[PDB]
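Dumped target-v8.cif below, it's mmCIF, C-alpha atoms:
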```
data_input
#
loop_
_atom_site.group_PDB
_atom_site.id
_atom_site.type_symbol
_atom_site.label_atom_id
_atom_site.label_comp_id
_atom_site.auth_asym_id
_atom_site.auth_seq_id
_atom_site.Cartn_x
_atom_site.Cartn_y
_atom_site.Cartn_z
ATOM 1 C CA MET A 1 0.730 169.770 -99.543
ATOM 2 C CA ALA A 2 3.856 167.808 -98.617
ATOM 3 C CA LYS A 3 7.294 166.637 -99.757
ATOM 4 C CA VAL A 4 6.350 165.890 -103.364
ATOM 5 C CA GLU A 5 9.757 164.266 -103.801
ATOM 6 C CA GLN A 6 10.263 162.541 -100.422
ATOM 7 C CA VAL A 7 6.693 161.356 -99.684
ATOM 8 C CA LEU A 8 4.804 161.490 -103.022
ATOM 9 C CA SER A 9 7.587 159.963 -105.161
ATOM 10 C CA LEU A 10 5.748 156.618 -105.437
ATOM 11 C CA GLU A 11 7.050 155.820 -108.930
ATOM 12 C CA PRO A 12 10.130 153.921 -107.606
ATOM 13 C CA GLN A 13 8.267 150.598 -107.382
ATOM 14 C CA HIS A 14 11.278 149.096 -105.557
ATOM 15 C CA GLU A 15 9.766 147.203 -102.618
ATOM 16 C CA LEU A 16 5.940 147.358 -102.418
ATOM 17 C CA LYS A 17 3.311 144.735 -103.282
ATOM 18 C CA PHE A 18 5.094 143.565 -106.443
ATOM 19 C CA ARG A 19 4.630 146.086 -109.249
ATOM 20 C CA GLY A 20 2.649 149.211 -110.088
ATOM 21 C CA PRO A 21 -1.146 148.702 -109.989
ATOM 22 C CA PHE A 22 -3.050 149.921 -113.034
ATOM 23 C CA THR A 23 -5.508 152.229 -111.291
ATOM 24 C CA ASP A 24 -3.281 152.952 -108.291
ATOM 25 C CA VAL A 25 -0.101 153.814 -110.189
ATOM 26 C CA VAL A 26 -1.960 156.234 -112.460
ATOM 27 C CA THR A 27 -4.582 157.415 -109.964
ATOM 28 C CA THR A 28 -2.077 157.667 -107.115
ATOM 29 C CA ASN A 29 0.640 159.342 -109.158
ATOM 30 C CA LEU A 30 -1.943 161.434 -111.000
ATOM 31 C CA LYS A 31 -3.657 162.525 -107.801
ATOM 32 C CA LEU A 32 -0.640 163.922 -105.944
ATOM 33 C CA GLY A 33 -2.992 166.140 -103.941
ATOM 34 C CA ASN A 34 -6.710 166.833 -104.446
ATOM 35 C CA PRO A 35 -8.294 163.380 -103.881
ATOM 36 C CA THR A 36 -11.739 164.606 -104.951
ATOM 37 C CA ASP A 37 -13.630 165.372 -108.156
ATOM 38 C CA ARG A 38 -15.479 168.439 -106.867
ATOM 39 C CA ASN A 39 -15.062 171.101 -104.167
ATOM 40 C CA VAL A 40 -11.813 172.772 -103.103
ATOM 41 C CA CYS A 41 -9.945 171.255 -100.151
ATOM 42 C CA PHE A 42 -7.582 168.478 -99.036
ATOM 43 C CA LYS A 43 -9.333 166.476 -96.309
ATOM 44 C CA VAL A 44 -11.649 166.723 -93.301
ATOM 45 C CA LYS A 45 -12.003 163.554 -91.136
ATOM 46 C CA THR A 46 -15.533 162.125 -90.951
ATOM 47 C CA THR A 47 -16.582 159.888 -93.852
ATOM 48 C CA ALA A 48 -19.589 158.018 -95.248
ATOM 49 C CA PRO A 49 -20.399 154.380 -94.305
ATOM 50 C CA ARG A 50 -19.412 152.395 -97.397
ATOM 51 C CA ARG A 51 -17.529 149.460 -95.870
ATOM 52 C CA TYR A 52 -15.755 149.140 -99.229
ATOM 53 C CA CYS A 53 -12.883 151.680 -98.756
ATOM 54 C CA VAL A 54 -13.105 155.483 -98.769
ATOM 55 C CA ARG A 55 -13.458 156.239 -102.480
ATOM 56 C CA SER A 56 -14.214 159.964 -102.305
ATOM 57 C CA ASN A 57 -15.483 159.864 -105.872
ATOM 58 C CA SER A 58 -18.553 161.930 -105.022
ATOM 59 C CA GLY A 59 -16.158 164.676 -103.994
ATOM 60 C CA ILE A 60 -17.091 164.564 -100.445
ATOM 61 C CA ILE A 61 -13.495 165.483 -99.859
ATOM 62 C CA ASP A 62 -14.667 166.043 -96.361
ATOM 63 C CA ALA A 63 -15.453 162.307 -96.508
ATOM 64 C CA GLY A 64 -12.129 161.276 -98.030
ATOM 65 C CA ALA A 65 -9.892 162.240 -95.131
ATOM 66 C CA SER A 66 -9.189 158.885 -93.490
ATOM 67 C CA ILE A 67 -7.440 157.791 -96.690
ATOM 68 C CA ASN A 68 -4.096 157.806 -94.833
ATOM 69 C CA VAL A 69 -1.702 160.751 -94.246
ATOM 70 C CA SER A 70 -4.056 163.301 -95.818
ATOM 71 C CA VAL A 71 -5.695 163.768 -92.407
ATOM 72 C CA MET A 72 -4.470 166.595 -90.180
ATOM 73 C CA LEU A 73 -5.575 165.286 -86.778
ATOM 74 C CA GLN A 74 -5.368 161.483 -86.789
ATOM 75 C CA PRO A 75 -4.866 158.865 -89.574
ATOM 76 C CA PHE A 76 -7.673 156.848 -87.968
ATOM 77 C CA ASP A 77 -10.377 159.376 -87.075
ATOM 78 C CA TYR A 78 -12.499 156.543 -85.674
ATOM 79 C CA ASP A 79 -14.065 158.930 -83.141
ATOM 80 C CA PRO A 80 -17.593 158.840 -84.684
ATOM 81 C CA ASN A 81 -17.786 155.056 -85.177
ATOM 82 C CA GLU A 82 -16.930 153.188 -81.987
ATOM 83 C CA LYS A 83 -18.820 150.134 -83.251
ATOM 84 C CA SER A 84 -16.518 150.028 -86.262
ATOM 85 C CA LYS A 85 -13.658 150.366 -83.736
ATOM 86 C CA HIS A 86 -10.725 151.688 -85.850
ATOM 87 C CA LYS A 87 -7.062 152.857 -85.369
ATOM 88 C CA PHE A 88 -3.984 153.332 -87.687
ATOM 89 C CA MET A 89 -0.949 152.381 -85.477
ATOM 90 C CA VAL A 90 -3.216 150.003 -83.450
ATOM 91 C CA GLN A 91 -4.818 148.503 -86.607
ATOM 92 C CA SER A 92 -2.430 145.516 -86.446
ATOM 93 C CA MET A 93 -4.888 143.805 -84.055
ATOM 94 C CA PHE A 94 -7.941 144.234 -86.257
ATOM 95 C CA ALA A 95 -5.982 142.181 -88.823
ATOM 96 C CA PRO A 96 -3.203 144.181 -90.601
ATOM 97 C CA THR A 97 -0.425 141.616 -90.109
ATOM 98 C CA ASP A 98 1.587 143.981 -92.302
ATOM 99 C CA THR A 99 2.544 145.904 -89.147
ATOM 100 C CA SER A 100 5.415 143.499 -88.482
ATOM 101 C CA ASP A 101 5.792 143.447 -92.274
ATOM 102 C CA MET A 102 6.701 147.158 -92.271
ATOM 103 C CA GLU A 103 10.336 146.409 -91.419
ATOM 104 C CA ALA A 104 10.129 143.156 -93.396
ATOM 105 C CA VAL A 105 8.972 144.952 -96.562
ATOM 106 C CA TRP A 106 12.427 146.255 -97.501
ATOM 107 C CA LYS A 107 14.257 143.623 -95.455
ATOM 108 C CA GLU A 108 12.624 140.685 -97.242
ATOM 109 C CA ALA A 109 11.859 142.671 -100.417
ATOM 110 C CA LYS A 110 8.952 141.832 -102.756
ATOM 111 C CA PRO A 111 8.652 138.210 -101.446
ATOM 112 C CA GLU A 112 7.442 139.575 -98.099
ATOM 113 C CA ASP A 113 5.104 142.124 -99.683
ATOM 114 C CA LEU A 114 3.457 139.512 -101.907
ATOM 115 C CA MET A 115 2.603 137.459 -98.818
ATOM 116 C CA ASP A 116 1.404 140.363 -96.667
ATOM 117 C CA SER A 117 -0.283 142.001 -99.650
ATOM 118 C CA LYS A 118 -2.261 138.914 -100.588
ATOM 119 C CA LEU A 119 -2.918 138.482 -96.880
ATOM 120 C CA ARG A 120 -4.261 142.005 -96.361
ATOM 121 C CA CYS A 121 -6.226 141.921 -99.611
ATOM 122 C CA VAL A 122 -8.056 138.775 -98.503
ATOM 123 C CA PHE A 123 -8.518 139.938 -94.907
ATOM 124 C CA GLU A 124 -9.772 143.356 -96.010
ATOM 125 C CA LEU A 125 -12.493 141.820 -98.180
#
```

Entire entry expressed as structure tokens:
Amino acid sequence: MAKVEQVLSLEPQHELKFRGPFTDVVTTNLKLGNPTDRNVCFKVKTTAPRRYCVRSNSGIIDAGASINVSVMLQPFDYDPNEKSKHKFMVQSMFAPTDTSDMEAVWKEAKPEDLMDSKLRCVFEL
């Protein structure tokens, strides 16, 4: 668990993308914890090769650990996947232009998010 109010309080849409996604707002706000459908846990690390974004729908909650902060060791956990070459703070090289956008998100407001959001969405593929 974590600061339900400080960290999980995602409802204040102020500054972020543009508005509240349909699936994300509900799924994110609804799933303020267990990100799986089956099994009892929070996260593990290793995941399955989907190349579409850790879904963790199968309830391989052990698979849905690299979702972000859920991890306990590292937000990247790219250990077993050197070919894929991953990293969370370092990810700005792989593409994530949003890294510089982090400060710009609140500084520039939505206008900056819309640009970096559309940019990351297209780059992510």

- request: Could you jot down the CA of residue 121 (chain A) to CA of residue 10 (chain A) separation for me, Å, one decimal place?
  value: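 Between CA of residue 121 (chain A) and CA of residue 10 (chain A) the gap works out to 19.8 Å.
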
field: Shortest interatomic distance to residue 64 (chain A) - which of A:78, A:91, A:35, A:122, counting all atoms listed in the file
entry: A:35

- request: Please identify all polymer residues lying at most 8 Å from the point (-8.5, 158.5, -91.9) (file coordinates), using all atoms listed in the file, and present the result as a list in words.
  value: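 Using all atoms listed in the file, the matching residues come out as residues 45, 46, 64, 65, 66, 67, 68, 69, 70, 71, 74, 75, 76, 77 and 78 of chain A.
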
- request: Enter the distance from CA of residue 57 (chain A) to CA of residue 44 (chain A), in Å, rounded to one decimal.
  value: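 Distance reported for this atom pair: 14.8 Å.
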
message: Using all atoms listed in the file, can you tell me which of A:92, A:117, A:81, A:100 comes closest to residue 47 (chain A)?
response: A:81

Hits from the PyMOL selection byres ((chain A and resi 120) around 8), listed as a PyMOL selection string: chain A and resi 95-98+116-119+121-124

Could you work out an axis-aligned bounding box for all listed atoms of region 2-14 of chain A, with 8 Å added on each of the six sides, and give its centre and edge lengths in Å to one decimal, as lines of an AutoDock Vina configuration file?
```
center_x = 7.6
center_y = 158.5
center_z = -103.8
size_x = 23.4
size_y = 34.7
size_z = 26.3
```

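Take the candidates A:14, A:80, A:27, A:5 and check each one against residue 49 (chain A) using only C-alpha atoms; the shortest distance goes to A:80.
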
- request: Could you tell me how far CA of residue 18 (chain A) lies from CA of residue 3 (chain A), in Å and to one decimal?
  value: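 About the pair CA of residue 18 (chain A) and CA of residue 3 (chain A): they are 24.1 Å apart.
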
query: So what does the PyMOL selection byres ((chain A and resi 36) around 8) actually pick up in this one, as a PyMOL selection string?
result: chain A and resi 34-35+37-39+56-61+64

message: I'd like to know which of A:125, A:73, A:102, A:41 is closest to residue 15 (chain A), using only C-alpha atoms.
response: A:102

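For the choices A:107, A:11, A:89, A:72, the atom-to-atom distance to residue 32 (chain A) is smallest for A:11 when using all atoms listed in the file.
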